[PDB]
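Visitor: before I ask anything, here's the sequence and the deposited coordinates:
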Amino acid sequence: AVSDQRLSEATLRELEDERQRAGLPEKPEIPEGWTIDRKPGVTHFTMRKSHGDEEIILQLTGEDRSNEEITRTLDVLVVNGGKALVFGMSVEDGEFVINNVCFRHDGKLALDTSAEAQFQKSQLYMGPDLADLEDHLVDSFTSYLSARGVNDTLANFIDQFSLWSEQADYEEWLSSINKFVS
Amino acid sequence: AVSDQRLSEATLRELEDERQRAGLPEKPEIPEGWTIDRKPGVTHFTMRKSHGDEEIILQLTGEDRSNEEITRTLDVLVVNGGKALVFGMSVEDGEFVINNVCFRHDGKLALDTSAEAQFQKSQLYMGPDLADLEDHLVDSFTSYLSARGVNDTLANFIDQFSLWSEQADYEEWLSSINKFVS
Amino acid sequence: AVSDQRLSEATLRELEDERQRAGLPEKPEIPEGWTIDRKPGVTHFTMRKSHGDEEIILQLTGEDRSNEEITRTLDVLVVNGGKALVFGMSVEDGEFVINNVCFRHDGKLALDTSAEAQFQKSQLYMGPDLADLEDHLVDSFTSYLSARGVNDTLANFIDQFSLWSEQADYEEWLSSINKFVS
């Protein structure tokens, strides 16, 4: 009873204080052509846009490693003709860093995000170590992504949008716990 | 043939020796009100108890990091009205340490332990970094858990019970391999 | 348009250059009695062989840790009478290293490789830390595996086969991306 009252008061106090703190991120305008699939409470959102016959899909996959600077991981899929080119990437200081480049003959499997689909794809070839590739190849991959809008502007939007939604999720977190304990 | 005979003899010898070794953990009495779901050979057991209209669920999730001292991870769910407050915790020297605090609007999903359910929840907001919260809030969370029996006594029971069942699982391990190879 | 042309040219160039590079692994002859389940583009293949009433199954599970020397992880299952002895192992310099030894009463579950099956098995007893076992026991386990063909010869075949298929997967990777971008 009392402990629940304390938690109720504490969450309300934080919600009120938080809203008065400076630094509250402003909501970024979504890049032209991109659609966004983001719901309150869901941190790993997805973005999509068409590129002629291809569809470009951006799926956040996580945040990693101890770090002073926040680095996010995401997959970029380019789907066309039932197949997909899948780029394993991370955003480091407003820029996209390619970590892996995989090719999926089974585009349907590539798009499937179920736990079972993830396991099946984990057994597939993950492409070469980027470090074993010459610049002409690596640069061509980066130019290919840039021609499709996957550039610093988009990487920049991802950080900005993530901060804003994290802030919104945090306040919704406080409010829902307050209601729950009340 | 011979190798199997050797393995058969070796496991029997260990089983006999083990039973004569000192330090065999004694079976802990389960805390009042708590029910326990533990079967031989299953290391990650679950504990449950009611708290009025709420149900409190303890699910061991693992053991981690290289360590001189054994640290276990577990989730503590407080379910009520179709929603759940989920505490990501670990037991460090008889005490509960809160690592994460999440809120799940979809209590049914929160309770679902399938691989698919885990993946879906991995994309949800994981709450704030405990380090960014003031003591008044953090202490209120700890008091809330304590009022429900999630205290040092329970943390202490978890270590004790885990040691005892590990010991039992080890002997059952020796015996089943012996029978298998025979 | 241009970026895609560049990527098309770059992949073709690499494919042509790669084929002229020395060091191309030669295809290993599969050990007697073993069957192999490997498809182009699939890195984690499985090997199987019968041993009287038992079936021995080798399933690659990954590659790990930063390393100058490539170390692979795999599970070795010995199934008989609806039960399985499961060895968690890794290949380090042509030799098998036992990391874990588990026993599965539910052989069907042991054989199930679905994401859901993996999660269920992750909650089971994982056997003792090999470091807490005397040589007589550990050596008996190694002899048991050796009598079934799981020896340095097989470990050696796994590295050799993996290198050859990695090389094949790499060239197929270049070719499929080239066709895709064209």
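Guide: Nice, I can see it. Numbering: from 1, shown residues only, chains lettered A, B, ... in the order given.
Visitor: all contacts plus neighbour counts: C-alpha atoms, from now on.
Guide: Fine.
Visitor: and residue A:117, what does it touch?
Guide: A:109-110 (C-alpha atoms under 8 Å, 6 or more residues apart in numbering or on different chains).
Visitor: wait, residue A:159 touches residue A:94, no?
Guide: Yes: counting by C-alpha atoms under 8 Å, residue A:159 touches residue A:94, with 7.1 Å between them.
Visitor: who does residue A:102 bridge with?
Guide: Taking DSSP bridges, one finds residue A:86 as the beta-bridge partners of residue A:102.
Visitor: leaving out sequence neighbours, find the closest residue to the residue nearest to the spatial centre of chain A.
Guide: Central residue of chain A (C-alpha atoms, centre = their mean): residue A:60, 2.4 Å from the mean position. Leaving aside its chain neighbours, residue A:60 sits nearest to residue A:74 (4.1 Å; criterion: C-alpha to C-alpha, 6 or more residues apart in numbering or on different chains).
Visitor: ramachandran coordinates for the one you found?
Guide: Taking degrees, to the nearest 10, you get phi -160, psi 160 for the backbone angles of residue A:74.
Visitor: quick one: whichever helix or strand the residue nearest to the centre of chain A is part of to chain centroid distance?
Guide: According to DSSP states H and E, residue A:60 maps onto strand A:54-63. Strand A:54-63 has its C-alpha centroid displaced from the chain centroid by 6 Å (C-alpha atoms, centre = their mean, to the nearest Å).
Visitor: hang on, isn't the residue nearest to the centre of chain A packed against residue A:71?
Guide: No: between residue A:60 and residue A:71 there is no contact under C-alpha under 8 Å: 11.3 Å.
Visitor: and the closest residue to chain B within chain A, what does it touch?
Guide: The nearest approach of chain A to chain B comes at residue A:42, 4.3 Å away (C-alpha to the nearest C-alpha). Going by C-alpha under 8 Å, 6+ apart, residue A:42 touches A:169, B:123-125.
Visitor: residue numbers of chain A in contact with chain B?
Guide: Residues of chain A lying close to chain B by C-alpha under 8 Å from any C-alpha of the partner chain are A:3-4, A:6-7, A:10-11, A:14, A:41-45, A:61, A:114-116, A:166, A:169-170, A:173, A:176-177, A:180.
Visitor: didn't residue A:94 look like it was pressed against residue A:155?
Guide: Yes: counting by C-alpha under 8 Å, residue A:155 is a contact partner of residue A:94 at 5.2 Å.
Visitor: those two - which one has more neighbours?
Guide: More crowded of residue A:94 and residue A:155, by other C-alpha atoms under 10 Å in any protein chain shown: residue A:155, with 21 against 18.
Visitor: could you identify the longest helix within chain A?
Guide: Using DSSP state H to assign secondary structure, the helix with the most residues in chain A is helix A:152-181.
Visitor: what angle sits between that one and strand A:54-63?
Guide: 50 degrees (axes from the mean of the first three to the mean of the last three C-alpha atoms, to 10 degrees).
Visitor: show me which residues of helix A:152-181 are buried.
Guide: A:154-167, A:169-178, A:180-181 (16 or more other C-alpha atoms under 10 Å in any protein chain shown).
Visitor: quick check, the residue in chain A closest to chain C?
Guide: Counting by C-alpha to the nearest C-alpha, chain A gets nearest to chain C through residue A:124 (4.3 Å).
Visitor: so that residue makes contact with residue C:41?
Guide: Yes: look at residue A:124 against residue C:41 with C-alpha under 8 Å: they come within range, at 5.8 Å.
Visitor: pick out whichever of those two has more residues nearby.
Guide: A count of neighbours by other C-alpha under 10 Å puts residue C:41 above the other of residue A:124 and residue C:41, at 22 against 19.
Visitor: what about stretch A:87-104, how long is it end to end?
Guide: 11 Å (C-alpha to C-alpha, to the nearest Å).
Visitor: now stretch A:16-25
Guide: End-to-end distance of stretch A:16-25 (C-alpha to C-alpha): 17 Å.
Visitor: who touches it?
Guide: For stretch A:16-25, contacts defined as C-alpha under 8 Å, 6+ apart pick out A:160, A:163-164, A:167, A:171.
Visitor: run the chain-centre distance for that stretch.
Guide: With C-alpha atoms, centre = their mean as the basis, stretch A:16-25 stands 24 Å off its chain's centre.
Visitor: which bits of chain A sit near chain C?
Guide: Residues of chain A lying near chain C by C-alpha under 8 Å from any C-alpha: A:83, A:85, A:102-103, A:115-116, A:119, A:123-125, A:127-128, A:136-137, A:140-141, A:143-144, A:147.
Visitor: if any of the residues you listed are buried, give me the ChimeraX selection for them.
Guide: In ChimeraX, a selection of the buried entries from the residues of chain A next to chain C looks like this (16+ other C-alpha under 10 Å):
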select /A:83,85,102,103,115,116,119,123,124,125,127,128,137,140,141,143,144
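Visitor: which of the residues of chain A next to chain C fall in strands?
Guide: Among those, the residues falling in strands (DSSP state E) are A:83, A:85, A:102-103.
Visitor: which of those residues sit farthest apart?
Guide: In those, two members sit farther apart than any others by C-alpha to C-alpha. They are A:83 and A:102, at 11.1 Å.
Visitor: ok, now which ones touch residue A:112?
Guide: residue A:118.
Visitor: can you do 7 Å?
Guide: By C-alpha atoms under 7 Å, 6 or more residues apart in numbering or on different chains, the contact set of residue A:112 is empty.
Visitor: before we move on, the earlier item: possible to save the contacts of stretch A:16-25 as TSV with distance to residue C:30?
Guide: Listed next are the contacts of stretch A:16-25 as TSV, based on distance: C-alpha to C-alpha, whole Å:
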residue	distance to residue C:30
A:160	53
A:163	53
A:164	56
A:167	57
A:171	60
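Visitor: now, which of these sits nearest residue C:65?
Guide: Ranked by distance to residue C:65 (C-alpha to C-alpha), the contacts of stretch A:16-25 are led by residue A:163 at 31.7 Å.
Visitor: now do the same contact list for the closest one.
Guide: Taking C-alpha under 7 Å, 6+ apart, one finds residue A:25 in contact with residue A:163.
Visitor: residue A:160 contacts residue A:28, doesn't it?
Guide: Yes: between residue A:160 and residue A:28 there is a contact under C-alpha atoms under 7 Å: 6.4 Å.
Visitor: anything in contact with each of these two?
Guide: With C-alpha under 7 Å, 6+ apart, residue A:160 and residue A:28 have no common neighbours.
Visitor: rewinding a little: just flag the most distant two among the contacts of residue A:42.
Guide: So, those by C-alpha to C-alpha: farthest apart are A:169 and B:123, at 12.7 Å.
Visitor: return the residues in contact with residue A:80.
Guide: Taking C-alpha under 7 Å, 6+ apart, one finds A:53-55 in contact with residue A:80.
Visitor: by neighbours, which of the residues you listed wins?
Guide: residue A:54 (17 neighbours).
Visitor: that residue bridge partners, please.
Guide: Under the criterion used (DSSP bridges), residue A:54 bridges to residue A:51.
Visitor: check contacts around it.
Guide: Counting by C-alpha under 7 Å, 6+ apart, residue A:54 touches A:78-80.
Visitor: make it 10 Å
Guide: A:77-84, A:148 (C-alpha atoms under 10 Å, 6 or more residues apart in numbering or on different chains).
Visitor: over to residue A:71?
Guide: With C-alpha under 10 Å, 6+ apart, residue A:71 has these contacts: A:62-65, A:90-94, A:159.
Visitor: counting neighbours, which of those comes out on top?
Guide: residue A:90 (25 neighbours).
Visitor: nearest spatial neighbour of residue A:77, chain-adjacent residues omitted?
Guide: residue A:86 (4.5 Å).
Visitor: so residue A:86 is in contact with residue A:104, correct?
Guide: Yes: between residue A:86 and residue A:104 there is a contact under C-alpha atoms under 10 Å: 7.2 Å.
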